[PDB]
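Remarks on the structure that follows.
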Amino acid sequence: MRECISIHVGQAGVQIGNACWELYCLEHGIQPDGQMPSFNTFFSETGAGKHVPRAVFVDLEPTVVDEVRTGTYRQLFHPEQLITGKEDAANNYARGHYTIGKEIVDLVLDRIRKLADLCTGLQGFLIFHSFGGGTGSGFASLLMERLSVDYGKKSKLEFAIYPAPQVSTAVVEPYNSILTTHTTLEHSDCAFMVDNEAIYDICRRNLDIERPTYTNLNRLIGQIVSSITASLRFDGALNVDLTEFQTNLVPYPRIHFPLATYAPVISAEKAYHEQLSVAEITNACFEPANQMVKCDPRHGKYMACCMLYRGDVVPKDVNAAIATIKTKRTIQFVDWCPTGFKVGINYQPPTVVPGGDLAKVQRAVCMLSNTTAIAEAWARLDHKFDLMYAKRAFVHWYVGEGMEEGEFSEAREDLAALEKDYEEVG
Amino acid sequence: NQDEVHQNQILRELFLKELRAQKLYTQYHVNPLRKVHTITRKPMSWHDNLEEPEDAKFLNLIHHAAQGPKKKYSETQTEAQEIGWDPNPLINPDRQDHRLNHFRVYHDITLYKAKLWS
Amino acid sequence: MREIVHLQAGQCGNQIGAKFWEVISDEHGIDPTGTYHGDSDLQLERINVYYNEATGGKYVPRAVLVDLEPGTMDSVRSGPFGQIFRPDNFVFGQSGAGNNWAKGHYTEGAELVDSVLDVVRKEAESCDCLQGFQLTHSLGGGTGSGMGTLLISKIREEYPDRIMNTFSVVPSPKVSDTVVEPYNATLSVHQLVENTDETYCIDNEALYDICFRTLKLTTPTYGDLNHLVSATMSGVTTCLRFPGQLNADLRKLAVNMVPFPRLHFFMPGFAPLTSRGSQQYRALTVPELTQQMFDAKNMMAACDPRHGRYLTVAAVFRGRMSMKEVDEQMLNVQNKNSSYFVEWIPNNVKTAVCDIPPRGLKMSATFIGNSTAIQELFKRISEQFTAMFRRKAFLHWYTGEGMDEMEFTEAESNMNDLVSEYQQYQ
Amino acid sequence: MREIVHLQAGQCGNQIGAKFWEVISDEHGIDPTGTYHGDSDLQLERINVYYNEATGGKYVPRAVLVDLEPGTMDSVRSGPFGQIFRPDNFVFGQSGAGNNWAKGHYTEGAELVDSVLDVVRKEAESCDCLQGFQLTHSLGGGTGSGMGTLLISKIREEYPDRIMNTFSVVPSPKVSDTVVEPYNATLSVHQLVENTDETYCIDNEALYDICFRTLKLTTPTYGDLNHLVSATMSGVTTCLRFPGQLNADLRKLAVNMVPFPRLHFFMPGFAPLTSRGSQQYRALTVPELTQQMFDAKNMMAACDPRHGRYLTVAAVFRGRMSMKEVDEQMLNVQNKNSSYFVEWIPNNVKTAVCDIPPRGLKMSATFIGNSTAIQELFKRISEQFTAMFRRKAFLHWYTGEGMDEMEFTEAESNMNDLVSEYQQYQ
Ligand SMILES: Nc1nc2c(ncn2[C@@H]2O[C@H](COP(=O)(O)OP(=O)(O)OP(=O)(O)O)[C@@H](O)[C@H]2O)c(=O)[nH]1
Ligand SMILES: Nc1nc2c(ncn2[C@@H]2O[C@H](COP(=O)(O)OP(=O)(O)O)[C@@H](O)[C@H]2O)c(=O)[nH]1
Ligand SMILES: Nc1nc2c(ncn2[C@@H]2O[C@H](COP(=O)(O)OP(=O)(O)O)[C@@H](O)[C@H]2O)c(=O)[nH]1
Ligand SMILES: [Mg+2]
């Protein structure tokens, strides 16, 4: 029976997991204790009749997880599941990959091993982290590396923060970002790269909230993950599992980087005054100004599009919207995909948290396009890392940590080769 | 050389100075509400079964500490605790009505199949 | 867990730390007796960072006070927060240095190096996992400028990996108090470059400047001057002691502040400084925080950054905000005054958020920045040290203690090489 | 059942045992009349270890006081617990030894042995099952160092299997008050090595050192020094008199601390020494007691264990704790100071716990150990004894008592042989 295990790493992983888990609890009706006054894909029953989240929060700093430990859901969560470290990497991939990992690699591996023992038929491993933090980078790299040989066939979804092209919370982020990409290339099945700046622009423009926060962002991340998992959780006319939409997204072993989009995202006051229907929501999913990654697909060509409707929706309207979007010259397709859509429908509308921002809306849409327009962000990162490595700044930190400096040039060349492959597809 | 005949009375002068400046602890026993360390007794030792009274406010301290933030504070304090602050569902969860709240939780022969997979 | 030991040297250091320990004790709700009288739970959640537990609900300073004269010790004991310190941590020697670097470093130093080393060691083995020590001292003294270097040199051999901040007070050329001041300064920076992870350049003349204009105080005492620097360092570790939306610590900025090991000198900046006539006519906003933050008059050092290039910038925010303004104001600054930032490091700014506001205040920020303007100080020291050394004046004081002559030559050579590799990075 | 008789020789021994009976009577709740005024049942269960029953519910100490001079006992009878003693147990001569070892061992000795041997015989036959005798004296006396050697020589013949302990006082070179003090000690240690199961090498000089630094008492009298030892013999016998989680007795310690019969000289210690200023700033914890103990300033003899190898160590604790922090600090100190422990004996240390704390205190710890540093004591005496004996100075006082000059040579050979094999075991 379908099961998805959370392997969230870092401060981003902890906050995003707490978000996603309040949405899972409100969706399944579970009280903050863990008692019910569908669920089994995420929860698990106990002798006491409680429901156990199948999440592994791992961090190198205590306080980020102790906030959860003294949070509301303390009795809901497992003291053993929450894995903490005493000293962090402090935005150092080398620290995160070579010096501090091996202390708790075994503990994290044992925790996910017992969770997989509890699960009967494992569908997927949803793994959340960031490309900026030394923890969320190096630890994610090593756990992908060991998890690949621990489970060869089990699918590993990779949700991760990518550094924003303009704003940044770190200076030493590009070194970790270039050194991490090897694991998301050779140890990942799907990757869901996200930069904060895009969601910042979206929530300012559409949601009318002039002063949002990380929990406002995490609300939409939980929403998109929930819409991904809704077909597994509840019934649909065309249920879509993980295997189906990875097969109809990944043409080659080297191309597993789709871009996502959620529609409709409007506040309640503006939601008062418009019809929300299939055509409008699928047109909003295609606007370059609504894309959650800072790139224009109009500068590239779509070669795959996974599609997840939700709520009150009819396949007649789905096919009409597909015809309408196909009849558009601004939207391009590569020559080797006359048919490049993967349509799924689910019955239950997306639920709403109190204190959130999106209004309750009867029909929603999640779009996952694999295109070639993402490579320009990697090109920007390549220029930034090149002018980093030209003067060999911050190299002494990693060298004292103990890695070999040729790996930097190797990672740069590897990402250049990935961009070249994307050019060959394009 | 260390002229201890002078040095010791320099130390005596100092000891008298912080003796004048010495202030006693004001007998305000505070304890961390985080955790305390304890030692298990011997159940049979004919001194260990001695009846002795407990404290009445410490129990209130734990019963207040081991509880969520909402009943602790009238208003929020940190942005990490805005999250899940109000668990009140704005409409009643009529989760028994299959008409509008269709659920795919395991039903009918699929429960037996979950048993049969083992 | 993450504990800080405050090593204390010099009359300037003793008075700075005494006021520094007062604000944190006030910040953590600590009475002169030593108990806890505050209200919030988070006031004691990371209290043990600076304090050690004693019986009866007592918290003791983890400070080691060092001075070569008994006269400072009675004064710090006679303060309102005077008895709160542990008497066994107090260490002193019978004879001073008379503002002589040579006497403190070599002659009278060797008799008191042992005793302080045991005291810091007992505090070192007390805490389970220490992040690193902490020292505040003055570069114009005989103990803090002299003796104080010898502590740093020894503890780096004993504890290499630990973080080492020093809040050294650099003497001013416009306002100086010692004739042999350049000799102590020249022989201390060479010890400072070799063994120090980060340095904070604080000057009393600039501290005199702000209270003249920013605060408009009629009679600024040295206690007021100690109030700012204590407020500065309270903003450095507030993210360490309290959780925030985006967390940080000393290792977070130090990795992100040092492109090359030869540089570790930074510029401290404090936000919420307004005079009595400025309180009535103002709107407390994050943009109002940033405009005073970058203004060259708010700084507490004797260098104008507009004459140089800003290498890296840190802005740690204290209180509750929304980062959109924080990100937009950082982005706004990084684009307008583009000439003052280096080109080989895009996104020079590092930001952090600590949710807990400072006591008695709501909005605050601390600025740490490495700019090319710090070489304005060392060369200004050089034009006096060479003007002291060519005629061998005031040399018999230093020659009589037992050293030869090339130590001055290697000291000026190292600082000349330091500024020389520093001009090349401009 | 398990009885110990206390032998009391010399003015040093008479005053030490007088305060020794004072503190343990407080521990057993005995008034100066002799009755029981205590509260706990456990205060009177094993009181017959040291006391003999008398009609009317009175208890008499099982002690024999011997001194060649009648003057000292008049002060003893004039003390607070003076009338407590049985008058018949007082045996005394008319003329003192004049600090002459030979007068007392030989000349004035033969008359007073008959009376004291009778009294100890009556007390030995009074008890059904005697563990053994204990003697308190000084090695610089005429009676304790003199007579006292002949008593143990005789009673070993009478009672070979019974254990005897001697808390003898070893003279110090830094402060001495007798010319022939080496001469008496030279002829006393030879009697100790032949007939003694365990010796507690106490020294006056460290006792004044401790009250000057650790207690900081301005005017330390002989009572405070006698109080310090009084805690030491109380801590030896607390596990015998009172039950604990892990019980022990003197034979538990005698067997486990003598690797070879020639080595029975040991180093006592007793932990909770805090000055009045130190009472405010502490946390009563098991680690605090251990760190205080293994530092050499706590030690009450005249030689540093850092210059030798700890052969055997034992730590007897008073109070109700748990043994893990007892065992982990036990394991921690064994691993850390590895060089100071011998290699041919793994697990060099022995532990015991007695539940009942000392009166008026919560925690007390007693250490009794064998270290190579005790050979520093014997060789220092030989540095003096040969200097006097080379010129035959102060010899006619001894030679007038009728013994040969060979006795100095055979004695001098004995500890020279002792320190030789003691050096061999290092
Ligand atoms: N979207 C989102 N991103 C976050 C969140 N928390 C941290 N991040 C990102 O993570 C990056 C830094 O890494 P952190 O997550 O803070 O910490 P880490 O992953 O444990 O790595 P280290 O800092 O080295 O310990 C920042 O640049 C943020 O962009 C979050 O709650 N939501
Ligand atoms: N900012 C500041 N500077 C101080 C204070 N007290 C002393 N100083 C400076 O310290 C210098 C003297 O230091 P000194 O006592 O010789 O240092 P020491 O030799 O290490 O003890 C003077 O030049 C003062 O400018 C203070 O409270 N605040
Ligand atoms: N620790 C301690 N030593 C003492 C005390 N009284 C005397 N002494 C020591 O005993 C020595 C003199 O002993 P003495 O009277 O000749 O012993 P006797 O010949 O056996 O009677 C002196 O050197 C003192 O140091 C005391 O109360 N405590
Ligand atoms: Mg982190």
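Readers should treat all values here as calculations from the given coordinates under stated rules, not as data from a laboratory. In this analysis, Cβ positions are derived from the backbone assuming ideal geometry, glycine residues included, and neighbour counts consider all displayed protein chains.
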Q. Can you pull out the helices (runs of 4 or more DSSP H) entirely within chain B that have at least 3 residues that are of a type in the set (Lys, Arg)?
A. B:4-20, B:69-72
Q: Select from the range C:215-247 the residues that are away from ligand 1 (no atom under 16 Å from the Cβ) and within 14 Å of chain A (Cβ to nearest Cβ) and list them in ascending order.
A: C:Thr237, C:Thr238, C:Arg241
Q) Out of (1) in contact with a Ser or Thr (Cβ under 9 Å, 6 or more places away or on another chain); (2) within 11 Å of another protein chain (Cβ to nearest Cβ); (3) basic (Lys, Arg), the odd one out for A:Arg54 is which? A) (2)
Q.
Given (1) in contact with a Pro (Cβ under 9 Å, 6 or more places away or on another chain); (2) within 9 Å of another protein chain (Cβ to nearest Cβ); (3) among the hydroxyl-bearing types (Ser, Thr, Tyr), identify the lone condition not met by B:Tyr25.
A. (1)
Q.
If the requirement is being closer than 27 Å to D:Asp74 by Cβ, away from ligand 2 (no atom under 16 Å from the Cβ) and within 21 Å of the chain's Cα centre (by Cα), which of these qualifies: D:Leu135, D:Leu112, D:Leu130?
A. D:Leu135
Q: Scan D:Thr366, D:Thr351, D:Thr372, D:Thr409 and give me the residue that is over 30 Å from D:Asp26 (Cα atoms), surrounded by 13 or more Cβ atoms within 10 Å (Cβ to Cβ) and hydroxyl-bearing (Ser, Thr, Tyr).
A: D:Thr372
Q: Quick one: C:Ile381 ticks every box in (1) within 26 Å of C:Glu108 (Cβ to Cβ); (2) of a type in the set (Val, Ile, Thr); (3) in a loop (DSSP other than H, G, I, E, B) except a single one, so which number is it?
A: (3)
Q. Only one residue in C:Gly146, C:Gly104 is within 18 Å of the chain's Cα centre (by Cα), surrounded by 14 or more Cβ atoms within 10 Å (Cβ to Cβ), more than 12 Å from every other protein chain (Cβ to nearest Cβ) and near ligand 2 (Cβ under 9 Å from one of its atoms). Which one?
A. C:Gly146
Q. If you scan the range C:371-426, which residues turn out to be in contact with an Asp or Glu (Cβ under 8 Å, 6 or more places away or on another chain) and among the hydroxyl-bearing types (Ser, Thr, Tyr)?
A. C:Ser382, C:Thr386, C:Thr399
(Q) Pairs please, first residue from the range B:59-70 and within 14 Å of chain A (Cβ to nearest Cβ), second anywhere and in a helix (DSSP H, G or I) and surrounded by 12 or more Cβ atoms within 10 Å (Cβ to Cβ), Cβ atoms under 6 Å, 6+ apart in sequence or on different chains. (A) B:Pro69/B:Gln81
Q) Only one residue in D:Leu263, D:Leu289, D:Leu273 is buried (at least 18 other Cβ atoms within 10 Å of the Cβ) and assigned to a helix (DSSP H, G or I), so which one is that? A) D:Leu289
**Q.** Test set (1) under 27 Å from B:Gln77 (Cβ atoms); (2) crowded, with 18+ Cβ neighbours inside 10 Å; (3) more than 14 Å from every other protein chain (Cβ to nearest Cβ) - C:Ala283 fails condition number
**A.** (2)
Q: Just name the residue that is farthest from ligand 3 (Cβ to nearest atom) out of those in the range A:33-65 that are out of contact with any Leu (no Cβ under 9 Å at 6 or more places or on another chain) and acidic (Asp, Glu).
A: A:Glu45
(Q) If I go through the range A:367-412 residue by residue, how many of them are surrounded by 14 or more Cβ atoms within 10 Å (Cβ to Cβ), closer than 30 Å to A:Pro258 by Cβ and within 14 Å of another protein chain (Cβ to nearest Cβ)? (A) 8
Q | Residue within the range A:96-113 that is basic (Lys, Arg) and within 16 Å of ligand 1 (Cβ to nearest atom) present | A | no
Q) Is it fair to say D:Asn99 is away from every other protein chain (no Cβ under 14 Å), part of a strand (DSSP E or B) and either more than 16 Å from ligand 1 (Cβ to nearest atom) or not hydrophobic (A, V, I, L, M, F, W, C) (or both)? A) no
Q: Being aromatic (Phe, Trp, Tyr) and more than 21 Å from D:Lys252 (Cβ to Cβ) is the filter here, so list the residues in the range D:342-374 that pass it.
A: D:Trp344
Q) How many of the residues making up the range C:344-366 are farther than 25 Å from C:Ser25 by Cβ and either more than 14 Å from chain A (Cβ to nearest Cβ) or part of a loop (DSSP other than H, G, I, E, B) (or both)? A) 5
Q. Among the residues of the range A:94-134, which ones are closer than 22 Å to C:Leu246 by Cα and within 20 Å of the chain's Cα centre (by Cα)?
A. A:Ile127, A:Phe128, A:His129, A:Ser130, A:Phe131, A:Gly132, A:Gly133, A:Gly134
Q) Filter the range D:28-79 for residues that are in contact with a helix residue (DSSP H, G or I) (Cβ under 6 Å, 6 or more places away or on another chain) and assigned to a helix (DSSP H, G or I); which is surrounded by the most Cβ atoms within 10 Å (Cβ to Cβ)? A) D:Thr72
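Any chance the range C:334-343 includes a residue that's surrounded by 22 or more Cβ atoms within 10 Å (Cβ to Cβ) and either assigned to a strand (DSSP E or B) or aromatic (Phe, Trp, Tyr) (or both)?
No; the residues of the range C:334-343 include none that is surrounded by 22 or more Cβ atoms within 10 Å (Cβ to Cβ) and either assigned to a strand (DSSP E or B) or aromatic (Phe, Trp, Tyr) (or both).
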(Q) Could you go through the range D:134-146 and let me know if any residue there is of a type outside the set (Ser, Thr, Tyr), under 27 Å from D:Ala54 (Cα atoms) and not in a helix (DSSP H, G or I). (A) yes
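Could you tell me whether A:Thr229 is within 24 Å of A:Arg2 (Cα to Cα) and buried (at least 20 other Cβ atoms within 10 Å of the Cβ)?
It is true that A:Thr229 is within 24 Å of A:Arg2 (Cα to Cα) and buried (at least 20 other Cβ atoms within 10 Å of the Cβ).
How many residues does the range A:193-223 contain that are assigned to a helix (DSSP H, G or I) and not aliphatic (A, V, I, L, M)? I'd like the intermediate steps shown before the answer.
Restricting attention to the range A:193-223, the residues satisfying the condition of being assigned to a helix (DSSP H, G or I) are A:196-205, A:214-223.
If we keep only those that are not aliphatic (A, V, I, L, M) too, we end up with A:196-197, A:200-201, A:203-205, A:214-216, A:218-219, A:222-223.
Looking only at that region, the number is 14.
Sort through A:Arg74, A:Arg2 and tell me the only one that's closer than 30 Å to A:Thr181 by Cα, assigned to a loop (DSSP other than H, G, I, E, B) and away from ligand 1 (no atom under 16 Å from the Cβ). Full working, then the answer.
Values: A:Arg74 fails: closer than 30 Å to A:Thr181 by Cα.
When all the criteria are applied, what remains is A:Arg2.
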Q. Does the range A:5-41 hold any residues that are in contact with a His (Cβ under 6 Å, 6 or more places away or on another chain) and more than 16 Å from ligand 4 (Cβ to nearest atom), and which are they?
A. A:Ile30, A:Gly34, A:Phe39
